[PDB]
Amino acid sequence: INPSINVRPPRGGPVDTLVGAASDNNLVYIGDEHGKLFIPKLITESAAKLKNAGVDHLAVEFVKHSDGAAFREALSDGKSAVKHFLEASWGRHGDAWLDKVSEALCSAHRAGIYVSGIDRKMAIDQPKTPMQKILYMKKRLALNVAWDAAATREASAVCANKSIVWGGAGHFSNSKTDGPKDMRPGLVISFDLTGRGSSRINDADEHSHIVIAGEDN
C-alpha cells in the first residue's frame, strides 16, 4: 500500500482509533453509512481531539462545493440553521441523523476546523432494475474526481495540515492500495455496526484500511 497511508492497529476505543488514524495520516476518508447515528456522533466527540491532532479541514459530501457561502452562514447561525440547510438534499435519511450530522459539522466548526462541501449536482432517477442499480452507483462514483478537486481546493485555501473527507462509503471502495479511485491517497475508515467485532484492520476486502466497531441505530 502507498507508504503515505500509515495503517496503525486501532488504539482501542472508537474515538481513540479515529484520532490515531488522523494523527498518522495527512488524509483520512470516513466512509459514511447514511442514516446511521453512530458515525456523526463519533465525529462530534472527536472534533476537539482531531483538531489537536492536526486536523484543520473537514470536507463533507453533505454540502455542495458551490453552496460554500450559504453554508458558512448557516454554520455560524448554529445547529438549527445547518439542519434546515441540509434538509432539502439530506433530510431523506432521517430527522435524528440529520440532527446528528448538523451537530457534528457545528462541533467541528467551533473546534477550529474549516468545514466545506465537496458535492456536485447530479440528477439520476431511482434505480429499480438490477442494471439500473449498477449504473446508478457507477454514475455516482464518476463524481469522485470532482469531490477530490473541491476537497483539495478548500484544504489549500486554509493551509490545512491534515484533512478528513467524509462521504458515502460506496465512493471509497477498492481503496486499499492507493485510496479511493480518482482521489488522493489516504487512510480509509469503514464501520462495523453489527456489535460483534472490534475495531480492526480490514482483511475481508480492499474497500477500507481499518474498520471501527460501532452500534446500529
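Residue positions are given as counts along the sequence shown, with the first one as 1.
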(request) Averaging only over Cα atoms, indicate whether 20-28 or 193-201 has the higher B-factor in the PDB entry. (result) 193-201
(request) Look over 125-133 and 109-117 in the entry and identify the one with the greater average Cα temperature factor. (result) 125-133
(message) Just to confirm, going by the entry's C-alpha B-factors, which of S66, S163, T152, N52 comes out highest?
(response) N52
(request) Compare the C-alpha B factor of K181 with those of the other modelled residues in its chain, then answer lowest, middle or highest third. (result) middle
(request) Rank-wise, by C-alpha B-factor, drop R72 into the lowest, middle or highest third of its chain. (result) highest
(request) Ordered by C-alpha B-factor within the chain, which third holds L187? Give me lowest, middle or highest, please. (result) middle
(message) Quick check on the deposited entry: does the C-alpha B-factor of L42 sit in the lowest, middle or highest third of its chain?
(response) middle
